[PDB]
């Protein structure tokens, strides 16, 4: 059989607020998500990340679990408010929080697991939102994020060589400031575009800082993680084809074109007008080529139709139902997500050709439909999740070894069942079952499948 090169890395990914718990332990102060979960009606099951999988306290067991799975890497995020509680460049730094992550990283090193560290996975310190509105203030947000990044490079950089600045700015902007579904719960036809602009700049400043002051001595790389589905035109009409291109600009192009090519794409600039900020010449220069690798989070494929009424979506209609009624694939616990391996293959090729940077799939996973209602003995036989990974790893192998797309990493989402943001704990994404009443971890069959597949498909 075909095999990925020995240099290929695989493992699992997690996010701090989704698994840590211990929200006020060792000096941590609130993030906007802690605040958001205390707002009635925002979380489907009225839950929060107050406990989650108690992974801040159980960090050692989680590392041992990863090692037992034979992973080569582990992607996780740092809670900004554990490192600089209030978040700002002039606020007190929290040694205990820094030490917690340092110790965690050192254990990964001792176990031979490569750490992939996400600086920002949505948990902006609440103090910065109250102080200047977080990402809404260009100069303050850029300076504070850059300082935070610098502190992280100094604190962990001699052990970490793979950095991710932001996780899914599309989500941060659209869900957090466009429709208010995610923290901080803002709704506006202007803020999402402003936040996106400022994040692109904050990202670029952190990358320049890394390259100029840390890259040569630490020997690592830094990039951004962008989410994207594979998009297919609903039919062969010009309107459908154009709608698909427009949808891609609104989901991905508005982030990838500036960062990899040097400017915002044409359609979004025309549609948003003066609501889309303009980069200055110096900013364009700073942003262009500001990602060493292409971090990608992907889960499914969507059919695209022209005629949408939601500007946040780019005025398109997306779904998983074809004109003849056929569904794209197996249903998951979330309506928008269906199993469609071919789309993953097409997307990997598309990204390599379009942006010319090695792709690292920083998230790919599946939530079994109704799994939250199953007892552990039944949950472990996660047939649909195994099938999903079977289809997607096959697409990955074909994309690289056959097609020739440059893809160097794959991280399953997620290691453990955990807090799924606005969906609460109802949606289960783990390859490891977690009983929230005992915190017991029980590997699901999908974990065995992935361990075996990567062991057999990565050159020895």
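Numbering follows the first chain given and starts at 1.
Asks: Looking at the entry, does 180-188 or 239-247 show the higher mean C-alpha B-factor?
Replies: Looking at the record's C-alpha B-factors, the answer is 239-247.
Asks: Please compare 48-56 with 419-427 and say which has the higher mean C-alpha temperature factor in the record.
Replies: Here the higher of the two C-alpha B-factor means belongs to 419-427.
Asks: By the CA temperature factor listed in this entry, which of these ranks top: 363, 107, 377, 292?
Replies: Max CA B-factor in the entry, restricted to 363, 107, 377, 292: 377.
Asks: Quick one: which of 318, 114, 167, 147 has the biggest Cα B-factor according to the entry?
Replies: It is 318.
Asks: For residue 43, does the deposited CA B-factor place it in the lowest, middle or highest third of the chain?
Replies: For residue 43, whose C-alpha B-factor we compare with every modelled residue in the chain, the answer is the highest third.
Asks: Among the chain's modelled residues, which third holds the C-alpha B-factor of residue 312?
Replies: As the PDB entry reports it, the C-alpha B-factor of residue 312 lands in the highest third of its chain.
Asks: Thinking about Cα B factors across the chain, which third does residue 153 belong to?
Replies: Within its chain, residue 153 is a lowest-third residue by C-alpha B-factor, going by the deposited values.
Asks: In terms of the CA temperature factor given in the entry, to which third of its chain does residue 260 belong: lowest, middle or highest?
Replies: Middle third by C-alpha B-factor.
Asks: Per the entry's values, where does residue 299 land by CA temperature factor relative to the rest of its chain, in the lowest, middle or highest third?
Replies: Middle third of the chain for residue 299's C-alpha B-factor.
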